[PDB]
Every structure is written in structure tokens, then in C-alpha cells.
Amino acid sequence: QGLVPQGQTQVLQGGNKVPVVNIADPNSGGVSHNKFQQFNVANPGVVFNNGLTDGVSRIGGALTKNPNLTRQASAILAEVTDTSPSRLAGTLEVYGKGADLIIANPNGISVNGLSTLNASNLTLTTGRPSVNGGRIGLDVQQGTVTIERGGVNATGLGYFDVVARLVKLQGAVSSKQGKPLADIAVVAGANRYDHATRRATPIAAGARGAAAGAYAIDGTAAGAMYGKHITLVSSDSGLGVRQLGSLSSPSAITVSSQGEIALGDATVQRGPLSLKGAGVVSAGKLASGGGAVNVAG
């Protein structure tokens, strides 16, 4: 239910201490690959130690440099290797050099009131990672990510990506009003997702994600999203994207489905609203402040 590292990764924790992950030394491409038997974050959060010097974290107070490091990471991957899902709540803080965060658990991830500090970008995935130097591929064949009512605060990220077999959106994903707005991508289905290009290519899996007509992405009214660009992608044939949570974006909303699309309200201030599905595509009220709206089943 906690944090149980493997290999060179260490976790400084104990009682009331905010846990500090002494991440593994990164490879030549800047990726620190950290395997865990169990990975969970609870309020107030966790500190990833990407520090070559002693200092102070915002949520955790004083800490020393990470003894594993000969250089700082540009991407920190936490991969769960055993059978338990991950729960994430609180702040994911990177102490030291800012880096991409990737949390991968094929068993599932649930998210409730998540934020970040000094993370460049954040990816939550049920894909199994393949790491080759700087190149990270995520092979999604199973698992659900659920955003619970507490939601995600993406403020300060370039993007927040959720990449899983199925995705449930039951809380808001947004950046704070007037602050640097993150892009949001939700990518469902059996895919290889390349972390550097943020492109999904469909792959074979051992089982279906769900039945024909079931929803690969299912957002309720509580799952409202606000992002610089918002992209929703479902690649499994016959599965739907349902997102009843209002979508709001300054620059683009794009939905691609290999089945149905069913949206509520969606608005883009200065850019295109594009819906492309294999099945029936429907939307409640659409608006674009400079009118690019395309809908195509």
C-alpha cells in the first residue's frame, strides 16, 4: 500500500516523514528507470530526489543529495513490477533538476487530488515500458486509470498524458485559472505509445479492452477538462469515447475514436474542434470563438 523499491532505487521514509525517492542513476539518454514492487503516493505527496546537492524540498523539507546520481535525470520513470495497482494523491515534487515524470503500472492507477512541482511533464500509464537509452515506449495491453473526484491539477506541466487500456474520468483535469496551461491527452486502447513523439500506434493484445459498444474513455459530468490543447484518442475497434464532462480549451479539442463518440459541451477559444469516429459521433453544444468545427463518423 506504500512504496517498495527494487534495484538501486531507495526510499527514505518512516513514520511522519514525506517519502523521498532516491531514484536510480539515469542512463546515457537521461532516463532514470526505477522499478518498484509497490508504488503509491498519499498526501502530502512524494519527493523525487534529482539533486546533486543538499537542500530543501517544498513539501518534504530538508534532504541530502541523492547518493545514486552521477548526473541528473531528464525523465524519471517509476514502473511497478508486481501485481498491485497504484494510488496517487498529493504533490509529486521533483527536487533538483526538473524532469519528466512517468508512472507506469499495468495493474491500474487511481488518482485523487494530484498535483506536481518541478515536473516538466507527467504521464500516467498502464503500459509496460521498454527503455532504450533516451527512447521510452509504453506498450499498453491492459489496465485502467481512474481519475477520482479530487481530480488533477496540471498547472506547471507542458502536458499531462493518461495512457491506458481504459480510462474513467470522474474528476476534473485542469490548470489553475490564468496560470500556465498544460495540454491534456487521454489515449485509450491497445497501443504502443512513444514517449518522445506522443504518438500512439495500435498493437495486438491478448484480450479485448471491453465489449463492442463499451466505453474505452468514460467521463462523467465531474470529469470536466481545461487544457491548452485537449486530445482524446481511443484506438480499439468498436469501443466508444464518452465524455459528458465539459471540455474547454484555448487552442484545440481533438477526439479520435475507432467506435462511438458522445460528448457534452465542448468549446475552443481560438482553434479547431475536431471529432472523428468510426461509429456514431454526437456532441451536446459545440462552440469555437473563431469557428473551426468538424464532426465525422
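Throughout, we count residues from 1 along the sequence that is shown.
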Could you check which stretch, 174-182 or 222-230, carries the larger mean CA temperature factor in the entry? 174-182
5-13 or 285-293, whichever carries the higher mean Cα B-factor: 285-293
Among the candidates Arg165, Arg135, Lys168, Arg192, give the one with the maximum CA B-factor reported in the record. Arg135
At the C-alpha atoms, which of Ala62, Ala252, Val46, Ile261 reaches the highest B-factor in this entry? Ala62
Among the modelled residues of its chain, does the C-alpha B-factor of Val20 lie in the lowest, middle or highest third? middle
Where does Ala154 sit by CA temperature factor within its chain: lowest, middle or highest third? lowest
Going by the entry, which third of its chain does the Cα temperature factor of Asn40 land in? lowest
Would you mind ranking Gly113 by its C-alpha B-factor against the rest of the chain and naming the third, lowest, middle or highest? lowest
When the deposited Cα B-factors of this chain's modelled residues are ordered and cut into thirds, is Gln142 in the lowest, the middle or the highest one? middle
